[PDB]
Enquirer: 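One structure follows; several queries about it will come next.
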Amino acid sequence: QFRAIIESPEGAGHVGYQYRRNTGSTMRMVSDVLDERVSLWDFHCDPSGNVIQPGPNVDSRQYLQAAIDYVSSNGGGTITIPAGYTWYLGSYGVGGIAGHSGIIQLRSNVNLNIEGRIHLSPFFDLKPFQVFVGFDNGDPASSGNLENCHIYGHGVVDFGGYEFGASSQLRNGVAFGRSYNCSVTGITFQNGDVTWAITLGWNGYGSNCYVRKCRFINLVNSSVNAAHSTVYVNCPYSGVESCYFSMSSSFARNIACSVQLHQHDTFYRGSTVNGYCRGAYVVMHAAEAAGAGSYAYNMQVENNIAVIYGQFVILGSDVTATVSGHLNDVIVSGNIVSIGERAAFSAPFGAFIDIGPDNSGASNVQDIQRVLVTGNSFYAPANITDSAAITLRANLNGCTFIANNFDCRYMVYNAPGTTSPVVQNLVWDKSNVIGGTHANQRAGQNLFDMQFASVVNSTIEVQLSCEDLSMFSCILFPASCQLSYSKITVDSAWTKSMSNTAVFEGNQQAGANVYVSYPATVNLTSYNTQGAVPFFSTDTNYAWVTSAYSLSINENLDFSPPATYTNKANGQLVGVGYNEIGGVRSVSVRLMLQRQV
Amino acid sequence: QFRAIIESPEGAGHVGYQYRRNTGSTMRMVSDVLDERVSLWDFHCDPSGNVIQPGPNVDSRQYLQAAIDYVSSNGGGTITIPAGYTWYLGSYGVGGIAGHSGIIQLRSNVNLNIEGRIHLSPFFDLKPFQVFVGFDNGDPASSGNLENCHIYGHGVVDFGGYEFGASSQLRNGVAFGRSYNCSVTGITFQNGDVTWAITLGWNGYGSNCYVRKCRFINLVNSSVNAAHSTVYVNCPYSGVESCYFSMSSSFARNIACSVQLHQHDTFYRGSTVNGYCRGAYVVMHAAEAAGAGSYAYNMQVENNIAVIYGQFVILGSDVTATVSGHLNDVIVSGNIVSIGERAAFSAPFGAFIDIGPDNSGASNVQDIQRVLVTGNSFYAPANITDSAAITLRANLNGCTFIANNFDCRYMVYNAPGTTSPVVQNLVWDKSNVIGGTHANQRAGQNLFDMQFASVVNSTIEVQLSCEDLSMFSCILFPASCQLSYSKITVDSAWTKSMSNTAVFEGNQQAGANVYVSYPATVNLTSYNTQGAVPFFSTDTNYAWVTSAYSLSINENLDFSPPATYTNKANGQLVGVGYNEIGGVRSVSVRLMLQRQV
Amino acid sequence: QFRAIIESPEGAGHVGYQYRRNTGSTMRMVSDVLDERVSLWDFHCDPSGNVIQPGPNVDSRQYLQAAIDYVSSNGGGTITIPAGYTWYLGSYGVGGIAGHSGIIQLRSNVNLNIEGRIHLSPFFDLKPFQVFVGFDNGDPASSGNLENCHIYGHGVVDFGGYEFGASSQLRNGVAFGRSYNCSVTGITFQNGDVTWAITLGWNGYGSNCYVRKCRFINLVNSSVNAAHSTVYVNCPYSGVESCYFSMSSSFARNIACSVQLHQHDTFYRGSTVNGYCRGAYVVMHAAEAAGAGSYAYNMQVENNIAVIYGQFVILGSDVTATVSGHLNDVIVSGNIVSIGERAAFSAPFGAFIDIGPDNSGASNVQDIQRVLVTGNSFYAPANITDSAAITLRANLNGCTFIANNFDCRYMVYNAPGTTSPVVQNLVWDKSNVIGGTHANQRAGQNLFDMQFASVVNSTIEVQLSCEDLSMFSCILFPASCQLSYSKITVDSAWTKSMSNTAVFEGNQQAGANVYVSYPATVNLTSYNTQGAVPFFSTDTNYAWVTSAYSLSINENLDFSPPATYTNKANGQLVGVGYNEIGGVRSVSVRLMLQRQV
Ligand SMILES: CC(=O)N[C@@H]1[C@@H](O[C@H]2O[C@H](CO)[C@H](O[C@H]3O[C@H](CO[C@@H]4O[C@@H](C)[C@H](O)[C@@H](O)[C@H]4O)[C@@H](O)[C@H](O)[C@H]3O)[C@H](O[C@@H]3O[C@H](CO)[C@@H](O)[C@H](O)[C@H]3NC(C)=O)[C@H]2O)[C@H](O)[C@@H](CO)O[C@@H]1O
Ligand SMILES: CC(=O)N[C@@H]1[C@@H](O[C@H]2O[C@H](CO)[C@H](O[C@H]3O[C@H](CO[C@@H]4O[C@@H](C)[C@H](O)[C@@H](O)[C@H]4O)[C@@H](O)[C@H](O)[C@H]3O)[C@H](O[C@@H]3O[C@H](CO)[C@@H](O)[C@H](O)[C@H]3NC(C)=O)[C@H]2O)[C@H](O)[C@@H](CO)O[C@@H]1O
Ligand SMILES: CC(=O)N[C@@H]1[C@@H](O[C@H]2O[C@H](CO)[C@H](O[C@H]3O[C@H](CO[C@@H]4O[C@@H](C)[C@H](O)[C@@H](O)[C@H]4O)[C@@H](O)[C@H](O)[C@H]3O)[C@H](O[C@@H]3O[C@H](CO)[C@@H](O)[C@H](O)[C@H]3NC(C)=O)[C@H]2O)[C@H](O)[C@@H](CO)O[C@@H]1O
Ligand code: NA
Ligand code: NA
Ligand code: NA
Ligand code: NA
Ligand code: NA
Ligand code: NA
Ligand code: NA
Ligand code: NA
Ligand code: NA
């Protein structure tokens, strides 16, 4: 009778409750209060309704999906994945997520509070998988949206350590899909060989998706893995903050990137990276331009800490047959980055910023401009030949450097004979501090190695802070690089003993709208007259010089060379010195040569 | 007997429980465990205690208030607003919040976990309202405090889309009141026409109030709305972080601001704004100085992303009959901001920083100083005439710009004929990079248009990075602007073809403590003597010049002009050149003119 | 029979439940659902199982420990400390935490959701204590680890106001121990006299430990307290973000620091400090080098707001008999800091950065380099004599300043007669803006007071932005300071009336690899010849000068002095001017003196 009802599954539905014995409160039943929360245990049961304990020999997938499906049908809620248990997944999902090698299908308004651990069983060894998928169709173009889905807690997603079976396979933790107001917070992703841990958005469809306070640990482990980017941000108004990324595999030093920022109004801030090849790509792929336009703008990489083996930030933009991608309005600021201990040339070329070619190697498709790199530090150990503040390997329409501290082998670099980028609006302000770790290492090398097709509307203000007499020059332009409407200066400090300071192998510093200054040694000879007397250079390669002035003391009593010099049409320098007593004088002086500055 | 007790509201109070069958655990009753949590369902009931389903025809207000009142009486706790339901509010509250058009009264230590949706019913159409109010008196001066009140969750506050009925009305989401350790986290505020979404503090009373990870979407929709600021921060030690603000209304481009920082030790960081007129005001209003003093100091606007139509940061301070407001010790850093696509003059004048007058238009009441603007980017499209790095429209006691990238029409601007601000300690360091988007657009315009009453103790170091021969000058001072104890320099790069570089329409560069340098074209003529020979300017307006030097090459073989020049009392320049052969020479040379530098 | 079972502690275990009457859901018992959560009430009971109310006369310690012990035995979970109650602790713990004066022992995977208040009873008055301890052994070297332990919520830890009984005692809130993935979030620590509130890690053992959104209020109150650092970060990959620190005690202005960053890859960001002596130490102690190596690198102090009375960031490194500590790769950025109102010399010497000696006073053990200080503001009121951008008191191997705004008494300072640091790679870029608050206060003082044993590979580019004729010099080197391979420049702006600009009391600016420039007044006299005519200095102390140029106008019609000058072997300057009419001329001119620049 009553006893039967009480012991039945409807029993709690018969036991009355009123909150805190408050006579103003609702007269409820116990079941109503229990129904305010929901866990995996409410679906983790056999066909007779008996609870099943999780474990390595139990496949929890169908139970978790049934939980998600049911809570979705009531307008959403939060399913707890209980602490103190490991929940194994041991089969693929069915329906719209099967095209994505999906395990679990996420649904709108259904949050997951992961307190325990979710592990992959060895069914997945050597196979593709995406553990949580928010697409609802195998074809992403035909997918509905995922909205208001949050995964959070103190728990763990463990990928079982399994290697990839083939390089062409894809593996992911969370693919939110066409995702609006979705987020992952607090979760540890660990122990795998995967392509991505989390992907946000799809080809610009989505908004307001975030990854916050998550850990990603040891997510590459094999030579089969083609590539890895821990978070791929493929919708606007989205980003990554306060996360921790670590790899230990040798392969990760060559293939793994922490973040991809691929749509406008996206950010990467406050995070720590160790053991990765790359920090972040900031890219507009034409192939990804469907949902949010063809421009990646308002891109922010700030206040991160990194030890990487390749490049910290990589910029790109590219084209398809019918769409052109553009990258502009970027800020890279406050980051403290180093190339980890490694041999020269043992990983991809070390760089703070890389202007990279497209995925096919094309360097003449990019449209990258209005970038600001400010207030960052970069260090590479002295042996790492392949380290640069910027490797400028594809067409650049602008990039501005102010008030950074770069301590590596090169400042600006591109390999000769390779690509010949067209460079516009490259600005290197004098407030960039050039470190001394690589002093004495630079035999045969140019600190600024301007291996470009052409440079226009650019500024390079070189300022040393210590000597490095091993370098061939501070800045060199090969004769193949056109230079125009530019300002190139070499501050004299720490340069007195340098054989070459600025080198223009095509004599490009003569251009009508080139503004330069740099130190040089010049031999002069005077006329014999007592009194005010001209001094003239012996060499005739100064027809471009607008003024010069002495950087040398005068050890003579009986005369003095000119303090300042102009030129003559034959290319000599000329200035008026003073012979206290007459005689032809011959001196070698260090001058600051100036053109239009 | 027993069956009756079990089915009664005291039934759960008779059913024993011990945690996990642990014999060391408390012998409790089921009701005790259920009493550890509380939801709206525990109060959302008719007078007989029967639960009422929420819905558009049910007014949930009295039930939610009864929940808050009761939990307050037990020392606090957290009330869940359940997921999967929309809870409508359909009447005003009563008592102390009625003076505030209040709906719900918040209470100390009573948190709200909003997982579902709270909507406004059409009772509120065309009426004022403040949805959650923490004042306890209609007169804020007579209000008690609100302490330890947190609103958080994945849920939503929806204002029903209703327009304002009259411009003089006020609408708000959360007014914490005189608020100490209060916060909103995770919540989406959307679909309204309101004055504010959240206000913190009252006239400096409050502390440690924050808005974190919230979304504000479409909160202005009509021409009736007088003004909108999404978060108003009116207590110290408080701020906004990691929020998302978006508007779509045309009206928002003219009236809406994201944040007001109005008391000391307040911050706005890490947020994204789109569609707003303004980013943040940083202001000390004398009228708001009661609870925390008359100074706004330690004000921080950092690492935000914005597309706005008017000004990004607006500074102010003002006076009342008996109190004077002061603003100092401000930092604006790491922000990436653009003026969105619009016609020139179609919204309030575009600016990165505005020094604005008080609410009555007064420009002679401000006391603003010790501000640092560093490491920001700003862009405005080329057609937007009305765009400036700084619009300096009221008295300024100091502002420092270092290492920014500004790409807009003007650097410094104020409209002539308007206000004549008194300017002190304006510092524009040479490390500020001036972009080229507006090159060729500047006919008739001065890049730095110094339309002030006076300038003192100021530094303007102009550095171009590309040519713009359309501009009238790089910097111009009208004769009405006094200039003293200042340093004004124009770097020569990209200026060779400029007719005017620096212009001093009152000849102010002659001042005893003015330090200047800029390029100019000068005609000279020599004496006929063979050998060392003087050259003299034909014009006599150089009595202020302390030295000059050549920026031009010398195309002659038979002579050379001086490399460097001094002046003479009649205002000629003079220097010593060299005539290899005699003859009177006549040349036109580009010189760098220098005074005391 | 059945009634007996129902009223027993196993009663809930007999009442059936199925979630939302879903026939696909698990057939459970009420007890199963209640067993999904756990609170202190489940252990806060007498030996017969009757619940005990908390209160000032009840010691809750044993109950909370039993809760932690039991949840640990099931693999972890989260224990709620209920809102609306104050839980008092009134005795020490036992076992491994007794060596640490421990109260509660934390355990792996057992989180604490503190919603109510935890108070200390007066048993603790005048005694040591560490409230929560994660070590499991009295000897930390023999301790196991604490993993996956999070303390969070809206609640409060209150230390009872009790003073220290003796300076040698230690008091702490949370010692996580050898701690991996542990964190504190949201908690208020208040009302004490303690050594630390939170400590992370032990001598480099630990990882991924964080303090986020916590408040620390009034944690020093007596003259007995030897020292206080609110958070001590002693494991890598760990940090402090978005916290609030306030003190009101006079003693805190002399003894209290907010944060210690003592291992690599640690951070302090986004926080607000008021009332403290110090902001953060960034230190590698050799004595703490066991778990993570001998180097502190990737150290980040960013975007903080502070009012302090001593120093903002303090750098250090030191040695033991067998280990040497090194500090490198540091970034200090975006901070807005002021010295609070106080009399000169009334608290430890005010500084933005201090290079401090070791704990024994040794200044010759440090290895600190590759530090970047950029984009910060610092202010000290005009009366505070003891205020500096950097106090450089121990050996320094490098520190770089770019684009800061420093407004205080000194730029670089060390006390004479004290330590004589060896300085390398000190870089002060010209983009640092020097404020004017202390103008007129600097009688007898040098703005840059270079009281060092030696300076090498250093750059000081002085740029004033207003006049201060009270200062003795802009930069002074005593004869005891060797100077070599350095660049020292004084911009002329605001210096015309200064008696001394740069001072080299040992004539160090003559060094072969010293690059300098600064203004000076020089008396010259010409020969009598009409026409081009030499001018020579009367004094002979210019043998080091490579060029000089006029900073003065020429008030004469009949002649002009040289615009530019070289030197002669006797130490005179010499240049060629012009006598329109003959005669011996005598002039006093302001020159820019230059050596190798
Ligand atoms: C690891 C990584 O991100 N590397 C980037 C590089 O990214 C490109 O190359 C990677 C290689 O893994 C991706 O291309 C692979 O995956 C795509 C997408 O998979 C299909 O679509 C998804 C939605 C579905 O779930 C899957 O089942 C597949 O059907 C394949 O089409 C492609 O053949 C394959 O090699 C990456 O693709 C992007 O991936 C993100 C995140 O999942 C998606 O949001 C995008 O839609 C998808 N883009 C496109 C154009 O399909 C490639 O873009 C970058 O290009 C490079 C420089 O920026 O940096 C790293 O090397
Ligand atoms: C939209 C906005 O913030 N605009 C600012 C501008 O702010 C001033 O103008 C706005 C217009 O809405 C506010 O003035 C309106 O509201 C105040 C306050 O309302 C009364 O007090 C509150 C506590 C109570 O709940 C209400 O029922 C009212 O009784 C009215 O007094 C005033 O008449 C009316 O126009 C704003 O007032 C401030 O509002 C904040 C946030 O609610 C309160 O904390 C302050 O106490 C209150 N200040 C004062 C002095 O009363 C005005 O300050 C800024 O001035 C401007 C430049 O900084 O930027 C934007 O335009
Ligand atoms: C307040 C503060 O941090 N001051 C720093 C200063 O720190 C050193 O001085 C303080 C003074 O309180 C600490 O030294 C005291 O404590 C240590 C450690 O206590 C023992 O070990 C812990 C684990 C155990 O729980 C305790 O029961 C004790 O057994 C004592 O050994 C020492 O005698 C005593 O004076 C501080 O020690 C460090 O403390 C942190 C945080 O608890 C531990 O993680 C470290 O292991 C421990 N270090 C060492 C070497 O033992 C001292 O390091 C800094 O040195 C200074 C400059 O950087 O700034 C502040 O003044
Ligand atoms: Na697919
Ligand atoms: Na730029
Ligand atoms: Na070429
Ligand atoms: Na009112
Ligand atoms: Na300033
Ligand atoms: Na005037
Ligand atoms: Na101990
Ligand atoms: Na450095
Ligand atoms: Na010495």
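So you know, we letter chains A, B, ... as the sequences are listed, proteins then strands, and number each from 1. When a ligand or atom number is given, it counts from 1 through the structure's own listing order.
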Enquirer: Has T459(B) got a side-chain atom pairing as donor or acceptor with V427(B)'s backbone, closer than 3.5 angstrom?
Expert: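 Answer holds: no.
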Enquirer: Which of the atoms in ligand 2, numbered in the order shown and given with their element, are less than 4.0 Å from a heavy-atom of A287(B)?
Expert: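 By the 4.0 Å cutoff, the relevant atoms are 50 (C).
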Enquirer: Counting each atom of ligand 2 from 1 as listed, which ones have a heavy atom of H285(B) under 4.0 Å away?
Expert: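 Near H285(B), the atoms of ligand 2 are 54 (C), 55 (O), 57 (C), 58 (O).
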Enquirer: My understanding is that we take every heavy atom of each candidate and find the minimum distance to atom 38 (C) of ligand 2. Doing that for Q169(B), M284(B), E288(B), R278(B), which one comes out nearest?
Expert: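 Looking at heavy atoms only, the winner is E288(B).
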Enquirer: Would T199(B) count as a polar contact of ligand 2, with the cut-off being nitrogen or oxygen pairs under 3.5 Å?
Expert: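 So ligand 2 has no N or O lying under 3.5 Å from an N or O of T199(B).
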Enquirer: For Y295(B), look at atom OH and say whether over 12 heavy atoms of other residues, nucleotides or ligands are found less than 6.0 Å away.
Expert: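 Open: at most 12 neighbouring heavy atoms sit under 6.0 Å from OH of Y295(B).
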Enquirer: Got a sec: is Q482(A) within less than 3.0 Å of the Na ion (ligand 6) via an N/O/S atom?
Expert: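 So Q482(A) does bind the Na ion (ligand 6) by this criterion.
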Enquirer: Among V283(B), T195(B), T320(B), whose heavy atom sits nearest atom 1 (C) of ligand 2?
Expert: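 Nearest heavy atom to atom 1 (C) of ligand 2 lies in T195(B).
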Enquirer: Using a 6.0 Å cut-off, check whether atom OH of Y485(A) has over 12 heavy atoms from anything other than its own residue.
Expert: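 Incorrect, the count does not exceed 12.
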Enquirer: Would you verify whether the NZ or CZ of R253(B) falls within 45 degrees of the ring axis of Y276(B) while also being under 6.0 Å from that six-membered ring's centre?
Expert: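 Here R253(B) fails the 6.0 Å and 45° test against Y276(B).
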Enquirer: Determine whether the aromatic ring centres of residues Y232(B) and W202(B) are separated by less than 6.0 angstrom.
Expert: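 Here the rings of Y232(B) and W202(B) have centres that are no less than 6.0 Å from each other.
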Enquirer: For ligand 2, does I314(B) get within less than 4.0 Å through its side chain, its backbone, both, or neither, judged by non-hydrogen atoms?
Expert: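 None of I314(B) does.
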Enquirer: At less than 4.0 angstrom from any non-hydrogen atom of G99(B), what atoms of ligand 2 do you find?
Expert: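 So the atoms of ligand 2 that pass are 27 (O).
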Enquirer: Give a yes or no on whether atom 9 (O) of ligand 2 lies under 4.0 Å from any heavy atom of the protein.
Expert: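 No, because not a single protein heavy atom sits under 4.0 Å from atom 9 (O) of ligand 2.
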Enquirer: Should the pair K487(B)-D491(C) be classified as a salt bridge under the 4.0 Å nitrogen-to-oxygen rule?
Expert: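 A salt bridge is present here (some side-chain N lies under 4.0 Å from a carboxylate O).
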Enquirer: I want to know if ligand 2 touches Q130(B) in the polar sense, i.e. an N/O pair below 3.5 angstrom.
Expert: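 Right, the criterion is met.
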Enquirer: What I want to know is whether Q260(B) and ligand 2 share at least one N or O pair that is separated by under 3.5 angstrom.
Expert: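 Indeed, backbone or side chain, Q260(B) has an N or O that close.
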Enquirer: Has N225(B) got a side-chain atom pairing as donor or acceptor with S223(B)'s backbone, closer than 3.5 angstrom?
Expert: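 Answer holds: no.
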Enquirer: N/O/S atom of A453(A) under 3.0 Å from the Na ion (ligand 6), yes or no?
Expert: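 Yes, within the cut-off.
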Enquirer: Do ligand 2 and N359(B) have nitrogen or oxygen atoms that lie under 3.5 Å from each other?
Expert: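 N/O-N/O distance under 3.5 Å: yes.
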Enquirer: At less than 4.0 angstrom from any non-hydrogen atom of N234(B), what atoms of ligand 2 do you find?
Expert: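 Those qualifying, in numeric order: 43 (C), 44 (O), 45 (C), 46 (O).
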Enquirer: Checking side-chain polar atoms at under 3.5 Å, does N181(B) have a donor or acceptor matched by the opposite partner on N208(B)?
Expert: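 There is no such pair between these side chains.
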Enquirer: Decide, counting backbone as well as side-chain atoms, whether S454(A) has an N, O or S atom less than 3.0 Å from the Na ion (ligand 6).
Expert: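 Within the cut-off used here (under 3.0 Å), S454(A) places no N, O or S atom near the Na ion (ligand 6).
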Enquirer: Numbering the atoms of ligand 2 from 1, which are under 4.0 Å from a heavy atom of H262(B)?
Expert: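 That gives atoms 58 (O) of ligand 2.
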Enquirer: Should you measure from each heavy atom of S229(B), which atoms of ligand 2 turn up under 4.0 Å away?
Expert: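 So the answer, numbered in order with elements, is 1 (C), 2 (C), 3 (O), 4 (N).
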Enquirer: Would you mind listing which atoms of ligand 2 come within a distance below 4.0 Å of any non-hydrogen atom of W202(B)?
Expert: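 So the answer, numbered in order with elements, is 23 (C), 46 (O).
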Enquirer: Does the residue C257(B) have a heavy-atom contact with ligand 2, meaning some pair of atoms that are separated by less than 4.0 Å?
Expert: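 No, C257(B) has no heavy atoms under 4.0 Å from ligand 2.
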